[PDB]
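Working notes, beginning with the structure itself.
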Amino acid sequence: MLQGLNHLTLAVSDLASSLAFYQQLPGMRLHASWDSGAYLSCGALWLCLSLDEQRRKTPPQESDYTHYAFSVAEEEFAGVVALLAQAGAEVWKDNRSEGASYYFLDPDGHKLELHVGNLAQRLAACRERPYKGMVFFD
Amino acid sequence: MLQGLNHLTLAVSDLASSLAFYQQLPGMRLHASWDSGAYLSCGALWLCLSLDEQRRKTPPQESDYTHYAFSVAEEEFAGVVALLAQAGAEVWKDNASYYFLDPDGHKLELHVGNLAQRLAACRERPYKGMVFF
Ligand SMILES: O=c1[nH]n2cc(-c3n[nH]c(-c4cnc5c(Br)c(=O)[nH]n5c4)c3[N+](=O)[O-])cnc2c1Br
Ligand SMILES: O=c1[nH]n2cc(-c3n[nH]c(-c4cnc5c(Br)c(=O)[nH]n5c4)c3[N+](=O)[O-])cnc2c1Br
Ligand SMILES: [Zn+2]
Ligand SMILES: [Zn+2]
């Protein structure tokens with residue numbers, strides 16, 4: 001059946017501005033781009049920045065919790081944390097407990113996240129102190 | 001330096017309805033769930049359905065092109081295509097890919113082919129003003 005996430009398409013108003021974001025600060029190997037989109041890659045992940053003229057740069061106050069996270073090495077956390085803080089990448093939550101994570105947003109207001117830890121490490125941590133009404137399955 | 005997509009969190013109004021969707025129709029291995037969220041898996045992918053009370057089930061006409069795709073075997077295409085076509089999963093685009101949506105209006109996609117196969121296809125017939133690297 002389904003293998004995994006094939007690609008991720010993000011609607012962006014300004015293409016040049018948004019693609020510069022992902023190309024420079026996160027440094028996703030920009031494969032190709034054209035007049036109405038761009039393809040970027042990040043190892044197993046495939047990112048597509050499709051130009052949509054109906055995408056207003058929505059503030060986090062006017063957006064739902066839907067966000068997109070990225071896997072970064074634990075050692076390389078502070079480095080990329082400053083990378084966004086020094087570049088003025090805006091924040092939308094502080095991430096209290098739950099591990100080590102830094103929440104932020106892109107130019108067009110797509111809520112993003114930098115996280116250290118896989119699902120297995122999260123599930124193990126929850127077995128210690130679980131959430132409200134948490135149930136396991138395996 | 002940072003590796004691939006760590007996880008994907010989706011805001012959902014009704015949890016019970018949403019949790020059933022990904023668990024039953026797709027082959028998402030539901031790991032855990034609680035009063036305001038759930039953890040599901042899809043091989044290398046980690047999916048989180050967070051319960052948001054500010055998430056209206058938005059129609060596709062009132063949503064941007066931002067969507068999330070899934071890799072499915074070419075042979076197993078019709079199988080999961082039938083599963084959604086028979087279950088009445090509403091579609092929003094079609095032009096090998098199958099575009100549909102979740103209960104809360106999150107635009108989704110079923111695609112066969114990786115980026116390398118796509119980049120090769122563009123090297124044959126490229127888009128308007130396409131530039132490669
Ligand atoms: O009539 C025409 N329509 N048209 C559209 C495009 C186009 N622009 N961006 C994308 C595109 C590419 N890749 C992706 C991905 Br991957 C994704 O998720 N969205 N997406 C859009 C496409 N497309 O072929 O789908 C080019 N030529 C034409 C002609 Br000629
Ligand atoms: O006072 C309290 N507030 N509170 C919130 C939660 C909670 N609800 N959803 C998530 C959640 C989990 N995992 C994830 C992921 Br993975 C993700 O992307 N979002 N996300 C949210 C959490 N959380 O553990 O952060 C639990 N306990 C409490 C207490 Br006690
Ligand atoms: Zn797509
Ligand atoms: Zn998160």
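If you're wondering about the labels, chains in the structure tokens are A, B, ... by order shown, residues count from 1 in each chain, ligands from 1 in order shown.
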ask   = Residues at most 7 Å from region 43-53 of chain B, counting only C-alpha atoms, excluding those fewer than 5 positions away in the same chain, as a list in words?
value = residues 3, 4, 5, 65 and 119 of chain A; 6, 7, 8, 9, 10, 11, 12, 13, 15, 36, 37 and 38 of chain B
Next, write the just-selected residues to a file, as an mmCIF file, in the first residue's frame, keeping N, CA and C atoms as the atom set.
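Once written, part29.cif looks like this:
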data_model
loop_
_atom_site.group_PDB
_atom_site.id
_atom_site.type_symbol
_atom_site.label_atom_id
_atom_site.label_comp_id
_atom_site.auth_asym_id
_atom_site.auth_seq_id
_atom_site.Cartn_x
_atom_site.Cartn_y
_atom_site.Cartn_z
ATOM 1 N N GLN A 3 3.606 3.897 0.912
ATOM 2 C CA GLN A 3 4.965 3.833 1.441
ATOM 3 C C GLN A 3 5.205 4.936 2.470
ATOM 4 N N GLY A 4 5.032 6.187 2.061
ATOM 5 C CA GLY A 4 5.321 7.311 2.929
ATOM 6 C C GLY A 4 4.968 8.603 2.231
ATOM 7 N N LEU A 5 5.359 9.718 2.847
ATOM 8 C CA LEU A 5 5.103 11.017 2.234
ATOM 9 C C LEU A 5 5.850 11.157 0.913
ATOM 10 N N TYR A 65 -3.497 25.135 14.043
ATOM 11 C CA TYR A 65 -2.280 24.517 14.559
ATOM 12 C C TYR A 65 -1.514 23.712 13.517
ATOM 13 N N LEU A 119 9.639 9.383 16.241
ATOM 14 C CA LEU A 119 8.396 8.957 16.875
ATOM 15 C C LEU A 119 8.660 7.954 17.992
ATOM 16 N N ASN B 6 10.499 15.696 9.873
ATOM 17 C CA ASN B 6 10.396 14.973 11.136
ATOM 18 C C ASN B 6 8.988 14.439 11.341
ATOM 19 N N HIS B 7 7.999 15.323 11.314
ATOM 20 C CA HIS B 7 6.613 14.905 11.431
ATOM 21 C C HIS B 7 5.732 15.929 10.732
ATOM 22 N N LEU B 8 4.443 15.613 10.668
ATOM 23 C CA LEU B 8 3.445 16.481 10.062
ATOM 24 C C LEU B 8 2.240 16.513 10.985
ATOM 25 N N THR B 9 1.908 17.693 11.494
ATOM 26 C CA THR B 9 0.802 17.853 12.427
ATOM 27 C C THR B 9 -0.376 18.487 11.705
ATOM 28 N N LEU B 10 -1.532 17.839 11.782
ATOM 29 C CA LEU B 10 -2.750 18.332 11.155
ATOM 30 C C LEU B 10 -3.763 18.708 12.224
ATOM 31 N N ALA B 11 -4.295 19.923 12.115
ATOM 32 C CA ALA B 11 -5.345 20.390 13.008
ATOM 33 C C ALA B 11 -6.687 19.837 12.547
ATOM 34 N N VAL B 12 -7.428 19.242 13.475
ATOM 35 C CA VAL B 12 -8.692 18.591 13.160
ATOM 36 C C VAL B 12 -9.721 18.981 14.208
ATOM 37 N N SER B 13 -10.924 19.333 13.752
ATOM 38 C CA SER B 13 -12.020 19.664 14.655
ATOM 39 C C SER B 13 -12.533 18.412 15.357
ATOM 40 N N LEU B 15 -12.119 14.775 16.319
ATOM 41 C CA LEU B 15 -11.003 13.839 16.403
ATOM 42 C C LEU B 15 -11.431 12.424 16.033
ATOM 43 N N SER B 36 -6.854 14.909 22.970
ATOM 44 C CA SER B 36 -6.736 16.034 22.052
ATOM 45 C C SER B 36 -5.696 15.777 20.971
ATOM 46 N N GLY B 37 -5.481 14.522 20.604
ATOM 47 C CA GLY B 37 -4.530 14.238 19.550
ATOM 48 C C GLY B 37 -4.311 12.752 19.377
ATOM 49 N N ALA B 38 -3.462 12.439 18.403
ATOM 50 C CA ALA B 38 -3.155 11.058 18.068
ATOM 51 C C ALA B 38 -1.851 11.011 17.289
#
request  = Find the residues around region 107-114 of chain B up to 8 Å (only C-alpha atoms counted), leave out those fewer than 2 positions away in its own chain, and share them as a ChimeraX atom specification.
outcome  = /A:6 /B:60,65-74,77,92,96-102,105,116-118
For those residues, write N, CA, C and O atoms to a file as a short mmCIF file (atom, residue, chain, number, x, y, z; two decimals), in the first residue's frame.
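Everything below was put into selection_5.cif:
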data_model
loop_
_atom_site.label_atom_id
_atom_site.label_comp_id
_atom_site.auth_asym_id
_atom_site.auth_seq_id
_atom_site.Cartn_x
_atom_site.Cartn_y
_atom_site.Cartn_z
N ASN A 6 5.11 11.26 -0.19
CA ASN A 6 5.72 11.40 -1.51
C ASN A 6 6.38 12.76 -1.66
O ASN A 6 7.58 12.87 -1.95
N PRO B 60 -12.70 22.99 -0.37
CA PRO B 60 -11.50 23.21 -1.19
C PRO B 60 -11.50 24.53 -1.94
O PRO B 60 -10.42 25.06 -2.23
N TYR B 65 -3.53 26.09 -2.51
CA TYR B 65 -3.04 24.88 -3.16
C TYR B 65 -2.22 24.01 -2.23
O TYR B 65 -1.92 22.86 -2.60
N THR B 66 -1.88 24.50 -1.04
CA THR B 66 -1.06 23.73 -0.10
C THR B 66 -1.71 22.39 0.21
O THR B 66 -2.80 22.34 0.78
N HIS B 67 -1.01 21.31 -0.15
CA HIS B 67 -1.51 19.96 0.04
C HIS B 67 -0.37 19.05 0.46
O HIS B 67 0.80 19.45 0.47
N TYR B 68 -0.72 17.81 0.79
CA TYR B 68 0.25 16.82 1.25
C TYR B 68 0.03 15.53 0.48
O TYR B 68 -1.09 15.01 0.44
N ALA B 69 1.10 15.00 -0.11
CA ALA B 69 1.03 13.83 -0.98
C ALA B 69 1.54 12.59 -0.26
O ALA B 69 2.21 12.66 0.78
N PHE B 70 1.25 11.43 -0.85
CA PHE B 70 1.64 10.13 -0.31
C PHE B 70 2.17 9.25 -1.43
O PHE B 70 1.67 9.29 -2.56
N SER B 71 3.18 8.45 -1.11
CA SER B 71 3.80 7.56 -2.08
C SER B 71 3.12 6.20 -2.01
O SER B 71 3.07 5.57 -0.94
N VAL B 72 2.57 5.75 -3.14
CA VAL B 72 1.89 4.47 -3.23
C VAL B 72 2.46 3.70 -4.42
O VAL B 72 2.86 4.29 -5.43
N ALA B 73 2.53 2.38 -4.27
CA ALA B 73 3.04 1.53 -5.34
C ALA B 73 2.16 1.65 -6.58
O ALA B 73 0.94 1.80 -6.49
N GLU B 74 2.80 1.61 -7.75
CA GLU B 74 2.06 1.70 -9.00
C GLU B 74 1.04 0.57 -9.11
O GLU B 74 -0.12 0.80 -9.46
N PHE B 77 -2.04 1.03 -6.96
CA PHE B 77 -2.72 2.30 -7.18
C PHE B 77 -4.23 2.12 -7.17
O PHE B 77 -4.93 2.69 -6.33
N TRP B 92 -10.60 17.10 -5.52
CA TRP B 92 -10.49 18.51 -5.86
C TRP B 92 -9.59 18.80 -7.06
O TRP B 92 -9.54 19.96 -7.50
N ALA B 96 0.77 10.40 -12.87
CA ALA B 96 -0.31 9.64 -12.24
C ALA B 96 -0.52 10.11 -10.81
O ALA B 96 0.28 9.81 -9.93
N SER B 97 -1.62 10.83 -10.58
CA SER B 97 -1.90 11.40 -9.27
C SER B 97 -3.40 11.45 -9.04
O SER B 97 -4.19 11.61 -9.97
N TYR B 98 -3.78 11.34 -7.76
CA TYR B 98 -5.18 11.36 -7.35
C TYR B 98 -5.32 12.34 -6.19
O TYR B 98 -4.81 12.09 -5.10
N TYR B 99 -6.01 13.45 -6.43
CA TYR B 99 -6.17 14.50 -5.44
C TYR B 99 -7.51 14.34 -4.73
O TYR B 99 -8.55 14.23 -5.38
N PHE B 100 -7.48 14.33 -3.40
CA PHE B 100 -8.68 14.20 -2.60
C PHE B 100 -8.49 15.00 -1.32
O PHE B 100 -7.48 15.70 -1.15
N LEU B 101 -9.46 14.91 -0.42
CA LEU B 101 -9.43 15.70 0.81
C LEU B 101 -9.91 14.85 1.98
O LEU B 101 -10.60 13.84 1.81
N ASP B 102 -9.49 15.27 3.18
CA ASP B 102 -9.81 14.61 4.45
C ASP B 102 -11.15 15.14 4.94
O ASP B 102 -11.75 15.99 4.26
N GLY B 105 -11.17 19.06 5.34
CA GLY B 105 -10.80 19.86 4.18
C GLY B 105 -9.32 20.01 3.93
O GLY B 105 -8.92 20.88 3.14
N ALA B 116 13.24 12.26 -8.51
CA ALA B 116 14.18 11.96 -9.59
C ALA B 116 13.45 11.59 -10.87
O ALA B 116 13.87 11.97 -11.97
N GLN B 117 12.36 10.83 -10.75
CA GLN B 117 11.55 10.51 -11.92
C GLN B 117 10.86 11.75 -12.47
O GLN B 117 10.70 11.90 -13.69
N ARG B 118 10.43 12.65 -11.58
CA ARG B 118 9.81 13.90 -12.01
C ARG B 118 10.84 14.81 -12.69
O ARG B 118 10.57 15.36 -13.77
#
task = Could you please tell me, as JSON, numbers by chain, which residues of chain A have an atom within 6 Å of chain B when using only C-alpha atoms?
result = {"A": [1, 2, 3, 4, 5, 6, 7, 8, 9, 10, 11, 31, 32, 33, 34, 35, 42, 43, 44, 45, 65, 66, 67, 68, 69, 70, 71, 72, 132, 133, 134, 135, 136, 137, 138]}
With N, CA and C atoms kept, could you save the residues just selected as a CSV table (one decimal), in the first residue's frame?
chain,number,residue,atom,x,y,z
A,1,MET,N,0.8,-1.2,0.0
A,1,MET,CA,0.0,0.0,0.0
A,1,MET,C,0.9,1.3,0.0
A,2,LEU,N,0.5,2.2,0.8
A,2,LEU,CA,1.2,3.5,0.9
A,2,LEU,C,2.6,3.3,1.5
A,3,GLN,N,3.6,3.9,0.9
A,3,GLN,CA,5.0,3.8,1.4
A,3,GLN,C,5.2,4.9,2.5
A,4,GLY,N,5.0,6.2,2.1
A,4,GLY,CA,5.3,7.3,2.9
A,4,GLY,C,5.0,8.6,2.2
A,5,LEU,N,5.4,9.7,2.8
A,5,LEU,CA,5.1,11.0,2.2
A,5,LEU,C,5.8,11.2,0.9
A,6,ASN,N,5.1,11.3,-0.2
A,6,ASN,CA,5.7,11.4,-1.5
A,6,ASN,C,6.4,12.8,-1.7
A,7,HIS,N,5.6,13.8,-1.5
A,7,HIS,CA,6.1,15.2,-1.5
A,7,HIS,C,5.2,16.1,-0.7
A,8,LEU,N,5.7,17.3,-0.5
A,8,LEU,CA,5.0,18.3,0.3
A,8,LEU,C,4.9,19.6,-0.6
A,9,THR,N,3.7,20.1,-0.9
A,9,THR,CA,3.5,21.3,-1.7
A,9,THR,C,3.0,22.4,-0.8
A,10,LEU,N,3.7,23.5,-0.9
A,10,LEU,CA,3.3,24.7,-0.1
A,10,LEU,C,3.0,25.8,-1.0
A,11,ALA,N,1.8,26.4,-0.8
A,11,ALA,CA,1.4,27.6,-1.6
A,11,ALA,C,2.1,28.8,-1.1
A,31,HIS,N,16.6,22.0,-6.4
A,31,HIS,CA,16.8,21.2,-7.6
A,31,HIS,C,16.4,21.9,-8.9
A,32,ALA,N,15.2,22.5,-8.9
A,32,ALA,CA,14.7,23.2,-10.1
A,32,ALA,C,13.6,24.2,-9.7
A,33,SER,N,13.4,25.2,-10.5
A,33,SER,CA,12.4,26.2,-10.3
A,33,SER,C,11.9,26.7,-11.7
A,34,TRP,N,10.7,27.3,-11.7
A,34,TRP,CA,10.2,27.8,-12.9
A,34,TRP,C,9.3,29.0,-12.6
A,35,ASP,N,8.5,29.4,-13.6
A,35,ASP,CA,7.7,30.6,-13.5
A,35,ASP,C,6.6,30.5,-12.5
A,42,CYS,N,15.3,17.6,0.7
A,42,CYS,CA,16.0,17.6,2.0
A,42,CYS,C,16.1,16.1,2.3
A,43,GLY,N,16.9,15.4,1.6
A,43,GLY,CA,17.1,14.0,1.8
A,43,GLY,C,15.9,13.1,1.4
A,44,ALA,N,15.3,12.5,2.4
A,44,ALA,CA,14.1,11.7,2.0
A,44,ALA,C,12.9,12.5,1.7
A,45,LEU,N,12.9,13.8,2.1
A,45,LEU,CA,11.8,14.7,1.8
A,45,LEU,C,11.9,15.4,0.5
A,65,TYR,N,-3.5,25.1,14.0
A,65,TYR,CA,-2.3,24.5,14.6
A,65,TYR,C,-1.5,23.7,13.5
A,66,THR,N,-2.1,23.5,12.3
A,66,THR,CA,-1.4,22.7,11.3
A,66,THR,C,-0.1,23.3,11.0
A,67,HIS,N,1.0,22.5,11.2
A,67,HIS,CA,2.4,23.0,10.9
A,67,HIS,C,3.2,21.8,10.3
A,68,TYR,N,4.4,22.1,10.0
A,68,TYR,CA,5.3,21.1,9.4
A,68,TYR,C,6.7,21.2,10.1
A,69,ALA,N,7.1,20.0,10.6
A,69,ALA,CA,8.4,20.0,11.3
A,69,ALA,C,9.5,19.4,10.5
A,70,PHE,N,10.7,19.6,11.0
A,70,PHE,CA,11.9,19.1,10.3
A,70,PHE,C,12.9,18.4,11.3
A,71,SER,N,13.6,17.4,10.8
A,71,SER,CA,14.5,16.6,11.6
A,71,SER,C,15.9,17.3,11.5
A,72,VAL,N,16.4,17.6,12.7
A,72,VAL,CA,17.7,18.2,12.8
A,72,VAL,C,18.5,17.5,13.9
A,132,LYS,N,-3.4,13.3,28.7
A,132,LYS,CA,-4.7,13.1,29.2
A,132,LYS,C,-5.5,12.0,28.4
A,133,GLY,N,-5.7,10.9,29.0
A,133,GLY,CA,-6.5,9.8,28.3
A,133,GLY,C,-5.7,9.2,27.2
A,134,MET,N,-4.4,9.0,27.3
A,134,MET,CA,-3.6,8.4,26.3
A,134,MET,C,-3.7,6.9,26.3
A,135,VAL,N,-3.8,6.4,25.0
A,135,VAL,CA,-3.9,4.9,24.8
A,135,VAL,C,-2.9,4.5,23.8
A,136,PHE,N,-2.2,3.4,24.1
A,136,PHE,CA,-1.2,2.8,23.1
A,136,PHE,C,-1.8,1.7,22.3
A,137,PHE,N,-1.1,1.4,21.2
A,137,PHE,CA,-1.6,0.3,20.3
A,137,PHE,C,-0.4,-0.6,19.9
A,138,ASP,N,0.6,0.0,19.4
A,138,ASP,CA,1.7,-0.7,18.7
A,138,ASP,C,1.2,-1.6,17.5
inquiry  = Run DSSP on the backbone and tell me which residues of chain A come out as alpha helix (DSSP H); list them as a PyMOL selection string.
reply    = chain A and resi 15-24+77-87+119-128
inquiry  = For the strand (DSSP E or B) assignment from backbone DSSP, which residues of region 9-128 of chain A qualify? Please present them as a count of residues only.
reply    = 41
One-decimal distance in Å that lies between CA of residue 48 (chain A) and CA of residue 15 (chain A) = 11.0 Å
